[PDB]
Structure formats: C-alpha cells, structure tokens
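Enquirer: partial complex follows, first chain(s) only, in situ:
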Amino acid sequence: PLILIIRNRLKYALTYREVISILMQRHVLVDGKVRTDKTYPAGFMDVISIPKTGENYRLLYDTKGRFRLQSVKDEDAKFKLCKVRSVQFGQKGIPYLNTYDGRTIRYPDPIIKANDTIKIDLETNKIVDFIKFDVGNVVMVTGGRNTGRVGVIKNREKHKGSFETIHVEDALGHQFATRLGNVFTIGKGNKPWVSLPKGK
C-alpha cells in the first residue's frame, strides 16, 4: 500500500504523517494517476513515477516479501506487467480483465485465461502483448516464506476440484510447488522482463 512505500524513500527523520502535504500537492503520482489513498491495493510490478523532475520505480520484494523500491528505467515505466486476477469470459467480446490494483482492461486477445498475464502500457490501458501461462516460463512467488525467489516452471499439475499445485524447478535450495494464486508469471520466451537478482 502506498503510504508504506512512499515512507521508505523519505525515512531519515520526521516526515510520515506529513506525507499528506506531498500527496495533496500531487507531487506523488502512482501509475501516472492521482491517488491519495493509503488503503490503495498494491501488488508486484506497480510503477511509481512522479511529475517532471522525478524518478521511476518498480515494486520489488525484500526477504519478508514486503514492497520496496528499486529504480527502474523511464522506458520500462511506460509499460507495466499485470496479472489477470479474474476474468469475465467470452461472448460479444466484453471481458473485465481484473488486475491486482483493480484496473479493468477490455476486449479479446486470441486467447484469454485466468492465471495468464497481460502486458499493458500505463496511462491509456491498451494491450501491448498477451503472455500465456505455460511450462518453461519465469515466475515470482508472491507469498509465503518462499517470496523473493524466481524460477522456471517444471510442470503444472491439474486435478479435480482445483488445479492444486504448479511446480517450479529452480530456487536457492531446490524445487518447490505453490498454488496458482501465489504464481505470478513475469517472463515468457515470447516476452520476458526478467533481468534482476531478487529478494533472498
């Protein structure tokens, strides 16, 4: 959430509650848009970037798995990688493709599934690319102890009632498997964004 993230930059001493003056003068923008809400839902891959004489940031994970800043390029800031959190499916071409922060993006790609990821720009919300969820792809584990690790998909296991586990080969250690909700694919052979050491 925004308040924690902004404060990480500021923290030398005696700001914090005075975050409010910065927000209301609109010298913080998040994804090119005004939000002054501390309770704002955030996830991995949010872009922060502020007006004019500013900087660009990507949300990353520490050892716990809490949000922290890393500097990111201005070119990369224009783009954002967004999980398709939920889907309204098919006919007449009216998907609501939910994201973690709550952005909707509309209308067919020649695919679309839940747990697949959509590459989006930032301001206009038009579809740069669509990334399929499949084996061999690069993943970040969003939750648990295992957070801040990256690895390549060994296999996905499909079962009755839910598809229980999806297995990741790599880790600092050895293989681990996680739920589909924990898995956020962040790279594919078609389009990766992954060129980052990570977390723990």
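Expert: Right, received. Where do you want to start? Numbering: from 1, shown residues only, chains lettered A, B, ... in the order given.

Enquirer: so which bits of stretch A:43-55 are buried?
Expert: A:44-50 (16 or more other Cβ atoms under 10 Å). C-betas here are computed from N, CA, C, even on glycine.

Enquirer: typed the wrong thing, it's stretch A:174-194
Expert: Buried, per 16+ other Cβ under 10 Å, within stretch A:174-194: A:176-178, A:182-188, A:193.

Enquirer: next, the buried residues of the lengthiest helix in chain A.
Expert: Taking DSSP state H as the criterion, chain A has its longest helix at helix A:2-10. Residues of helix A:2-10 classed as buried: A:2-3, A:5-6 (neighbour count, 16+ other Cβ under 10 Å).

Enquirer: same check, this time on stretch A:27-39
Expert: If you call a residue buried by 16+ other Cβ under 10 Å, then stretch A:27-39 has these buried ones: A:28-32.

Enquirer: the residues you listed into CSV, with extra columns for distance to residue A:126 and secondary structure?
Expert: Shown next, in CSV, are the buried residues of stretch A:27-39 (distance: Cβ to Cβ, whole Å; DSSP: H, G, I helix; E, B strand; the rest coil):
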residue, distance to residue A:126, secondary structure
A:28, 25, coil
A:29, 19, coil
A:30, 19, strand
A:31, 14, coil
A:32, 14, coil
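
Enquirer: further, place chain B onto the existing structure:
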Amino acid sequence: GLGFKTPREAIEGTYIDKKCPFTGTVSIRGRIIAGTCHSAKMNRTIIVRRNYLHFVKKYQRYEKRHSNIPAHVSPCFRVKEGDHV
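Expert: With chain B added, the chains above now look like this:
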C-alpha cells in the same frame, strides 16, 4: 456445486421399522494426543442423502458435500464402490 469429501461406511440404514430415505454413516479416526502419544478414537455419525437411491445398509459409498438441505445433512451419495457375487 460440490464439496470436500470424506469416505465413510454405513453404521446404519436399517434403524427402527420404516425409514425416510437416508442412512447413518460412521467415521472413526485417530489423532495424536499430547502426553500419552497414543491416539484417542472418536466416533461420529452423519446423516447422508441418497438422492441417487439404490442404497442398502452396511454398504460403503463415497461422500461429497453439498449445501445443507435441513441442518445436519452435509454429505450426499456421489458414487459407490459395490461388492462381489
């Protein structure tokens, strides 16, 4: 839409005279107890739907949950097993 499963075998099905379609099904279980380390056994009987019908007493079937039709009916007769001869 369907539920989480438990397997059970029928303790009942033929209890006093004339019965409305349903059976009582026992689960016995053991669990590790602190101190003694020896498991303590705890009975439980639950009243199952036989929407499928074709249910005789002392018959093992496999139960999948559905929404509670009156109260204590959690499971339903998904599928069976059947026996020999």
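
Enquirer: revisit the buried residues of stretch A:174-194 given that chain B is now included?
Expert: A:176-178, A:182-188, A:193 (16 or more other Cβ atoms under 10 Å in any protein chain shown).

Enquirer: also stretch A:54-72?
Expert: Those would be A:56-61, A:65, A:67-68, A:72, for stretch A:54-72 by 16+ other Cβ under 10 Å.

Enquirer: export the residues you listed to CSV and append columns for distance to residue A:168.
Expert: Below are the buried residues of stretch A:54-72 laid out as CSV (distance: Cβ to Cβ, whole Å):
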residue, distance to residue A:168
A:56, 29
A:57, 27
A:58, 22
A:59, 21
A:60, 18
A:61, 15
A:65, 16
A:67, 22
A:68, 22
A:72, 24
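
Enquirer: quick one: which of those is nearest residue A:38?
Expert: For these, the residue nearest residue A:38 by Cβ to Cβ is residue A:67; the value is 13.2 Å.

Enquirer: now do the same contact list for that closest one.
Expert: Applying Cβ atoms under 8 Å, 6 or more residues apart in numbering or on different chains, we find residue A:67 in contact with A:4-5, A:42, A:46, A:59-61.

Enquirer: again, but for residue B:29
Expert: Each residue near residue B:29 by Cβ under 8 Å, 6+ apart is listed here: B:41-42, B:44.

Enquirer: also put chain C on there:
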Amino acid sequence: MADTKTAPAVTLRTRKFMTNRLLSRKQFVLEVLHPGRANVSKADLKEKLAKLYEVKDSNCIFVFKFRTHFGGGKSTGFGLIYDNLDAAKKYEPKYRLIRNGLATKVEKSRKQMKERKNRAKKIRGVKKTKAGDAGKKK
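Expert: One more chain to add, chain C, which I have set with the ones above:
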C-alpha cells in the same frame, strides 16, 4: 569544523544526507562532538551551518531531537535546510514552526470549545425575545 575560541570547537558535522525532490529540501543528521564542553546551542548551530550550505538565514532552518547517550562528548540530533520559507512551512509539522519563530502555539480550553458549538445549533431565530419572555413568565 566549528569555529574555535579557547573553549574547544564543538565540531559541526553532517552525515546521512539525501536531497529529496518531493519534500523539496535537505534532510541530514547533525552529530555534534562536544569534547570537554557542554551544549552547542540552538543558535550557534544555525549561525555556522548557514554559511556552509549557503542558505544564509537562521530563520528558515530548524534543528531538534537532541537526546544523547551516557559518557559525554557527543550529542546526536537532526536538522534540515529548506529551499524557501514558504515551501518549508507546508512540509514541516507544527512543532518545529512554533519554536523556530514561524508560528505561535495557540492554547485552548476543551470545555469552552466543544460546548459552544452545541449552543449555536440549539437557538433558532434572533432569540433576544426569549430573554424578555422569561422575565415576564418567571
């Protein structure tokens, strides 16, 4: 550092400094060695200091949060140099402003303040006539 007399310098040192273009100012730590000496002063700081960073006014700049440790000869506080007088006030909390001289602390009475608002709600009309009404009525 810190201009001498006979009574030793009492070091003017800065440390952990980021210029942050959101708050629009300079935040840094003032770790003042006081070898063989007492308290530097709130004045003596902002009188040197000023001329290094070339803000060249005591008026806009504040130093605070001295605490210390046992054993003496050092104290740790925090101080900031601001880009403008007008800009500074908005970002700053009120507690800095009042001691600096930029603001006055208003003292209030809880009982007077809250009760008075309720009274305003209750009367509708001029209600001068009610005072005369009560006299007649007894």
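
Enquirer: now that chain C has been added, could you go back to the buried residues of helix A:2-10?
Expert: A:2-3, A:5-6, A:9-10.

Enquirer: and for stretch A:159-178?
Expert: Buried-residue list, stretch A:159-178, by 16+ other Cβ under 10 Å: A:165-166, A:168-170, A:176-178.

Enquirer: CSV for those, including distance to residue C:8 and secondary structure?
Expert: As requested, these are arranged in CSV below (distance: Cβ to Cβ, whole Å; three-state DSSP):
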residue, distance to residue C:8, secondary structure
A:165, 69, strand
A:166, 68, strand
A:168, 63, strand
A:169, 65, coil
A:170, 60, coil
A:176, 61, strand
A:177, 66, strand
A:178, 62, strand
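
Enquirer: give me every residue that touches the closest residue to chain C within chain A.
Expert: Among all residues of chain A, residue A:12 sits closest to chain C, at 4.4 Å; criterion: Cβ to the nearest Cβ. Applying Cβ under 8 Å, 6+ apart to residue A:12 gives the contacts C:16, C:18, C:27-29, C:78.

Enquirer: change it to 7 Å
Expert: For residue A:12, the contacting residues are C:16, C:18, C:27, by Cβ atoms under 7 Å, 6 or more residues apart in numbering or on different chains.
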